[PDB]
Colleague: 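What follows is a single structure, and I will ask about it in a moment.
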Amino acid sequence: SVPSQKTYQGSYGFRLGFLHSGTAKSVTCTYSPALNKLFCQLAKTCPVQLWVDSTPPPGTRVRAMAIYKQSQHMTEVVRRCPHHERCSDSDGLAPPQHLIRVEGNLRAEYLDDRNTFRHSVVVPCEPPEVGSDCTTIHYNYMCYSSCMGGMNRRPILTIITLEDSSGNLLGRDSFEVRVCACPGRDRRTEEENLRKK
Ligand SMILES: CCn1c2ccc(C[NH2+]C)cc2c2ccc(-c3ccc(C)s3)cc21
Ligand SMILES: [Zn+2]
């Protein structure tokens, strides 16, 4: 009824990482460690790093799914709003209803769960390129947090799960997301509100 959000490193030491993009007015994606919250513009690249302490088996995959953060909304499927699901902006692979897309990965698969109706996007787990210490997935969020008839100002969390080839859990991490026009300003405001509290 509600997917778990419990952080779980598992046998491979799985966890996420984020770049340090700052809070300038022009920034398009920025992550707040103090809030565990990503702030991003609509349909812009969100680099999310994957870190492990040891190599998971061939066939391991990485799934992303959004849920509402507030308990009274957690059973509602997070989906694109009535405008954005109809705006014909598909990449040829993501269903138009899905909030979260993966950029530039032809092996991405989009699931409409037959029992929960929830949406997710899953890719093969890949090792870092030679010379790199981690792997990065580029996500896009395809509605604003404020979109009426969709998220409608309700905060969401993205849950990233490392899965075996059957879909069994190997690791889990998560972060809050706000999709907004000015992520740098909103991160600064929310961090200041946190400090004042
Ligand atoms: C989570 C991304 N990923 C890593 C992230 C950070 C580091 C540490 N760097 C210093 C190693 C790996 C790593 C090693 C192997 C693999 C895979 C092998 C076979 C697969 C199907 S995935 C994935 C990996
Ligand atoms: Zn929308």
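Counting begins at 1 with the first residue of the sequence. Worth knowing before you read on, the calculation uses all heavy atoms, side chains too, and leaves out hydrogens, waters and symmetry mates.
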Colleague: Could you verify whether a donor N or O on one side chain and an acceptor N or O on the other, from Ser145 and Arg178, lie under 3.5 Å apart?
Modeller: no
Colleague: Go through the steps to decide whether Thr135 and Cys125 satisfy the test side-chain contact (heavy atoms from CB on, under 4.5 Å), and finish with yes or no.
Modeller: CA-CA 9 Å; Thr135 299; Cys125 185; over 6 Å; no
Colleague: Can you see whether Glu103 engages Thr45 through a side-chain donor-acceptor pair at a distance of less than 3.5 angstrom?
Modeller: yes
Colleague: Is there a donor-acceptor pair closer than 3.5 Å between any side-chain N or O of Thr189 and the backbone N or O of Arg185?
Modeller: yes
Colleague: A side-chain contact here means heavy atoms from C-beta on lying under 4.5 Å apart; do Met65 and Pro3 qualify?
Modeller: yes
Colleague: Could you check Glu192 against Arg188 for salt bridge (charged side-chain N to carboxylate O under 4.0 Å, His left out), going step by step and ending with a plain yes or no?
Modeller: CA-CA 6 Å; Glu192 253 290 20; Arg188 276 185 270 111; over 6 Å; no
Colleague: Consider only side-chain heavy atoms of I, L, V, M, F, W and Y, link residues closer than 4.5 Å, and tell whether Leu157 and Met142 are in one cluster.
Modeller: no
Colleague: Counting N and O atoms only, with roles assigned by atom type, does the side chain of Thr30 sit under 3.5 Å from a partner on the main chain of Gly22, one being a donor and the other an acceptor?
Modeller: yes
Colleague: When clusters are formed by joining ILVMFWY residues with side-chain heavy atoms under 4.5 Å apart, either directly or through shared neighbours, do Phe175 and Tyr139 land in the same one?
Modeller: yes
Colleague: With respect to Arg63, which candidate in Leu111, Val123, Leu169, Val121 satisfies the side chain to side chain contact (heavy atoms under 4.5 Å, CB included) definition?
Modeller: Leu111
Colleague: Do the side chains of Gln5 and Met74 get nearer than 4.5 Å, heavy atoms only?
Modeller: yes
Colleague: According to ring-ring contact (aromatic ring centres under 6.0 Å, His included), does anything in residues 28-54 pair up with another residue at least two apart or in another chain? List the pairs.
Modeller: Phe18-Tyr31
Colleague: Tell me whether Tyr12 is reachable from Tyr8 by hopping between hydrophobic residues (I, L, V, M, F, W, Y) whose side-chain heavy atoms are closer than 4.5 Å.
Modeller: no
Colleague: Going by heavy atoms in the side chains, are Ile160 and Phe14 under 4.5 Å from each other?
Modeller: yes
Colleague: Look at the side chain of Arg101 and the backbone N and O of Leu99, then say whether any donor-acceptor pair between them is shorter than 3.5 Å.
Modeller: no
Colleague: Check step by step if side-chain contact (heavy atoms from CB on, under 4.5 Å) holds for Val62 and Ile137.
Modeller: CA-CA 9 Å; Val62 183; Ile137 299 178; 3.8 Å; yes
Colleague: Can you tell me how far the CZ atom of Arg15 sits from the SG atom of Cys134, to the nearest 0.5 Å?
Modeller: 9.5 Å
Colleague: Report yes or no: does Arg154 contribute a side-chain atom to a donor-acceptor pair with the main-chain N or O of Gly150 at less than 3.5 Å?
Modeller: yes
Colleague: Which distance, rounded to the nearest 0.5 Å, do you find between the CG of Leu93 and the CG of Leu106?
Modeller: 8.0 Å
Colleague: If every non-hydrogen atom of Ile100 is compared with every non-hydrogen atom of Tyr110, which pair is closest and at what distance?
Modeller: O-CE2, 3.6 Å
Colleague: Which heavy atom of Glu85 sits nearest a heavy atom of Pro96, and at what distance?
Modeller: O-CB, 3.4 Å
Colleague: Which class fits the ring pair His119 and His98: parallel under 30°, tilted 30 to 60°, perpendicular over 60°?
Modeller: parallel
Colleague: Got a donor-acceptor contact below 3.5 angstrom from the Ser90 side chain to the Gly92 backbone?
Modeller: yes
Colleague: Is the side chain of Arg118 donor-acceptor paired with the backbone N or O of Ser1 at a distance under 3.5 Å, no angle test?
Modeller: yes
Colleague: Among residues at least two apart in sequence or on other chains, which ones pass ring pair (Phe, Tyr, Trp, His ring centres under 6.0 Å) with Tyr141?
Modeller: none
Colleague: Given the rule that I, L, V, M, F, W and Y join up when any side-chain heavy atoms are under 4.5 Å apart, are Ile67 and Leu38 in one cluster?
Modeller: no
Colleague: What are the two closest heavy atoms between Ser4 and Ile159, and how far apart are they?
Modeller: O-CD1, 3.5 Å
Colleague: Restricting to non-hydrogen atoms, name the atom on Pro128 and the atom on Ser132 that form the minimum distance, rounded to 0.1 Å.
Modeller: CB-O, 3.4 Å
Colleague: Let me see the working for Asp89 and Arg80 under salt bridge (charged side-chain N to carboxylate O under 4.0 Å, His left out), right down to the final yes or no.
Modeller: CA-CA 12 Å; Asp89 60 4; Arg80 292 181 88 191; 2.7 Å; yes
Colleague: Find the distance between OG (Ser11) and CG (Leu170) and round it off to the nearest 0.5 Å.
Modeller: 7.5 Å
Colleague: In Å and rounded to the nearest 0.5 Å, what is the CG to OG1 distance from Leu19 to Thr136?
Modeller: 7.0 Å
Colleague: If I compare all heavy atoms of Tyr68 with all of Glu76, which pair ends up nearest, and what's the gap?
Modeller: CD1-O, 3.5 Å
Colleague: Hey, are the side chains of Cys180 and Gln41 touching, using non-hydrogen atoms and a 4.5 Å cut-off?
Modeller: no
Colleague: Any sub-3.5 Å donor-acceptor pair from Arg61's side-chain atoms to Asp164's backbone N or O?
Modeller: no
Colleague: Kindly compute the distance separating CD (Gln70) from CD1 (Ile156), expressed to the nearest 0.5 Å.
Modeller: 12.0 Å
Colleague: Working to the nearest 0.5 Å, report the span between CZ of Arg172 and CD of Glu163.
Modeller: 10.0 Å
Colleague: Any side-chain to backbone donor/acceptor pair from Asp173 onto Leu16? Under 3.5 Å, distance only.
Modeller: yes
Colleague: Answer yes or no: is there a donor N or O on one side and an acceptor on the other, between the side chain of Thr60 and the main chain of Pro57, under 3.5 Å?
Modeller: yes
Colleague: Could you walk me through whether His84 and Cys143 pass side-chain contact (heavy atoms from CB on, under 4.5 Å), step by step?
Modeller: CA-CA 7 Å; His84 281 117; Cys143 264; 3.5 Å; yes
Colleague: Quick check: closest heavy atoms across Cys40 and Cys46, and the distance to 0.1 Å?
Modeller: CB-SG, 3.6 Å
Colleague: For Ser174, is there any backbone N or O sitting under 3.5 Å from a side-chain donor or acceptor partner on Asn36?
Modeller: yes
